[PDB]
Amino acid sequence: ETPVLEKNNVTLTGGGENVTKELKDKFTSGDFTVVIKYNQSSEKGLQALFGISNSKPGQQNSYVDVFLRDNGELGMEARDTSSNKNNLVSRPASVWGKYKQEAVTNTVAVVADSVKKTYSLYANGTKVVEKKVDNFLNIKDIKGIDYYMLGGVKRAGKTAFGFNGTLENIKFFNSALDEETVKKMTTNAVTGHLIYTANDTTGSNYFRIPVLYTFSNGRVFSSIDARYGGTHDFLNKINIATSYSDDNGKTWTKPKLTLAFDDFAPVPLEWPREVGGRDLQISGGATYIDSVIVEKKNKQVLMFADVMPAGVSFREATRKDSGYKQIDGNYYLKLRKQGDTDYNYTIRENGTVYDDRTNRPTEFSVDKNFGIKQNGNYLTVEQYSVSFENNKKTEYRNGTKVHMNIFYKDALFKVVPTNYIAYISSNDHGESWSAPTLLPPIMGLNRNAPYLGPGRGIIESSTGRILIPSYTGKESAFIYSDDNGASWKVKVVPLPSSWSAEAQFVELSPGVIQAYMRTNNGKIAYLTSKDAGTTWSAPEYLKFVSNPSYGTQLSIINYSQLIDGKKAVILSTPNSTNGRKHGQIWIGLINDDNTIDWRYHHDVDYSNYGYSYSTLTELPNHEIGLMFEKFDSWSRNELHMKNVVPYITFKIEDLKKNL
């Protein structure tokens, strides 16, 4: 299948290029595919990559274009003046602007299919949107089309939406090309920055909450939430997926599901993005969410995640019960049998389920992955799948029989419907993992677990203490071990307001650590301890970041090399009061007195481009790896988008900007 027109290397500065002679009447069916490899020399304003129009005055709403905005949104219009049919299809955060001071080359495409009555948009290997419209228009449906141009739309004799940049290659086809074809054609160097992709080996269309960590053997490791029913935190099905690199982040393993329940199938789901439909949720599968990684001094790796029973969000999680009982000085996870009102059972030694009323073993036991057995045989339940037919969400039993599990809605014995924290360990730097262990009720029997601050933990150098950041919604909760992870305690620090206090740690000098965290006041807070985390100061606030009240998670790490002769920390965060945008990487230099000179910053892409959760690591060659949400993960307008969590790399030289 060959283009009706191909052009190369067309450099424009808002003025466009007439190609009317080389396109006139060549769209026989009226359908089209246009594939554009381009880079922008300026991001400002609404810019059309091409425009097919009726250019006569009074016909200025008769055109087809593909456009870009300054926030990375890719869109198309198909309009006809006389019928007053005005189609607009787009998806936020579809393209990249700049990377390390240079214009990024993207490849985008539009497909208009008359048989399906859909418009499709592709960017850098991804089909970002396909939308069926009632009032469909192809080129033949638009009346008096007489003008075909590159880099703008001709409206009433004037060039509108002038493009600034270079069209490196543009191809016009006069039919609708298939999805696989256009995905290949738009595949480029940007595509390689996506470690997790829609319907890869995780089976998930959506991801959020990336984490990076570099292990002592040189391996660069990531984890992430695989979110199946859109990007909702709740209700949903979420797994923790992982992937790693042994060549300094150049190539990554195919993602694996590492923490995953199977009450619901890990399937690719087409979650609706329309107003209203986008609030749709699955009824809730048992879920792991918000992972935290740390390497122990003995080189063992721990990964933590929040664990939620099926149907339980942060909103309905009981605040007044840990899910544990104390019996003869032991903390046992407690269970309610279907039909009982009280929790009459505990999981004790070897997983044996005891009736606490008679204090004897029952026929039941629970394995180390929470699966239920009776007299040594597994009980099962039927797994759910979710589908769309074609309003129209349905959930159904799908034929698969899975082990019955205490975290499932269909279990005979159920845990308290609240949140827990689990961890798994690896002695082979992430190739294989243990069974999960739930943290003991560190907050007390009559309180639920805290929520993890996604990112890393640290090991404080002077004492060897392991520190894992978490929060309750009213307090910081710094989870810690003084015995190489054999036991766990917690320091609870009341906060001045109800912060979603996702935090990360840095060590400024031996014994001295800071917890940088999200607030509900627009600022990044940091609290300081000078006794290795045993006591904490009142909060102070960074002066140069100003965000919305909801806040965003941040990443901060210690860096191993001197910068300007000083020890350095590296911070990544959005910085904008208008949304989760204007991603910045800041370099802070530690002064002799343990204050920090925030001397450099690098804007990650243009300032109106999306930037939400982030994670930094120091690569073994001392470059910096960053994985981040390249969209606004708070905005209702940016929910449920595919392939928006890229990995990129910086030399320190790239970051030492702006002073």
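The numbering used is simple: start at 1 and walk along the sequence shown. Definition used throughout: the rigid core is the maximal C-alpha set that superposes within 1.5 Å between two forms.
In 4 other deposited structures of this protein, superposed on the rigid core, the segment with the larger root-mean-square CA displacement between 310-318 and 276-284 is 310-318. When the other structures are laid on the shown form by the rigid core, the stretch among 350-358 and 384-392 with the greater C-alpha deviation in 4 other deposited structures of this protein turns out to be 384-392. The PDB entry reports B-factors from which the mean C-alpha value can be compared for 193-201 and 114-122; the larger average falls on 114-122.
Annotation for 357-365 versus 488-496: the higher mean temperature factor (C-alpha) is found in 357-365. Ranking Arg456, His232, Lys143, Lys171 by Cα temperature factor from the entry places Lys143 first. Residue-level inspection of the entry shows that, of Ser55, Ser633, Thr615, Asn608, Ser55 has the top Cα B-factor. Residue-level temperature factors show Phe505 in the middle third of its chain, judged at the C-alpha atom.
Sort the chain's modelled residues by C-alpha temperature factor and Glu22 lands in the highest third, per the entry. In this PDB entry, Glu180 carries a Cα temperature factor that places it within the middle third of its chain's modelled residues. Sorting the modelled residues of the chain by their CA temperature factor places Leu269 in the lowest third. The PDB entry assigns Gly551 a C-alpha temperature factor belonging to the lowest third of its chain's modelled residues.
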